[PDB]
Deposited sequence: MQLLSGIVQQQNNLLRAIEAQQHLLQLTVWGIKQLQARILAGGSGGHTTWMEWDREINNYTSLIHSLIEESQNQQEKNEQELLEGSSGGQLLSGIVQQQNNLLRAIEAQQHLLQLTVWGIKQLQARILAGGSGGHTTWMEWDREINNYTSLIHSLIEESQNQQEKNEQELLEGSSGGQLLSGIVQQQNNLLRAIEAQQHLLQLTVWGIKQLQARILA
């Protein structure tokens, strides 16, 4: 049945995007650490930053691995109820990963902002863009959580089908907003590196 296989295929693609975004995020973290070791903003605060980074990085990896497991199960089910259930759970997995990545992304904005305080005016214009996309992704996440709740409720007790399709749209929108934020943090870091020494 092509509708559901089409959703499973798109879920694989969203997960792939999440992994590529995790990779970029990780590079931004490393880049921020290199800059901080040179610039040295303010230290216990940076130790807690580092701890938080490590916590969320661990979380994200676990979510990605669980998503990879669920993806494999759904693709098995396609060959084989359980499919709809697995598709909903995969939407939950992807949403948790996006939420955790968004927190990680906000930790890098914190780091970038601490550094740009010492290298000092298009920071304010960079700020406005960060805020705009932060608000957008927050509202997309909020809407995605509500939809997930409705789908899960219906799954237990179609509005289910419609809710699943709309949730695909919600997730992709949020991943797309995250991409824009990543381009913004990449820009901020290059701009900082260009100004040192």
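In sequence order, the gaps in C-alpha coverage of the deposited chain fall at 43-46, 85-88, 129-135, 173-176, 217.
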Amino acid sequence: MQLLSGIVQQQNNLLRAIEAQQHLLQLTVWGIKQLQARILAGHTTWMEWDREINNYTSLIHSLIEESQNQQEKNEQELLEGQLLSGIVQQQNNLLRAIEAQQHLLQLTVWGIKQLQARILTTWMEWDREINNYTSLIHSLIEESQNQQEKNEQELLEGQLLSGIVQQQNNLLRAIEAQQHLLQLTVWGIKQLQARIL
From here on, numbers count along this sequence of modelled residues.
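Mean CA temperature factor is higher for 125-133 when stretches 125-133 and 27-35 are set side by side in the entry. With 64-72 and 43-51 compared on mean CA B-factor from the PDB entry, the stretch scoring higher is 43-51. Between the residues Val109, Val88, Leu120, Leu95, the entry's highest C-alpha temperature factor is the one at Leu120.
Looking at the C-alpha B-factors along this chain, the one for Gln102 belongs to the middle third. Ranked within its chain, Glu154 lands in the highest third, by CA B factor from the PDB record. Sort the chain's modelled residues by C-alpha temperature factor and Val8 lands in the lowest third, per the entry. The entry lists a Cα temperature factor for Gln168 that places it in the lowest third of the chain's modelled residues. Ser58: CA B factor in the highest third of modelled residues in this chain (values from the PDB entry).
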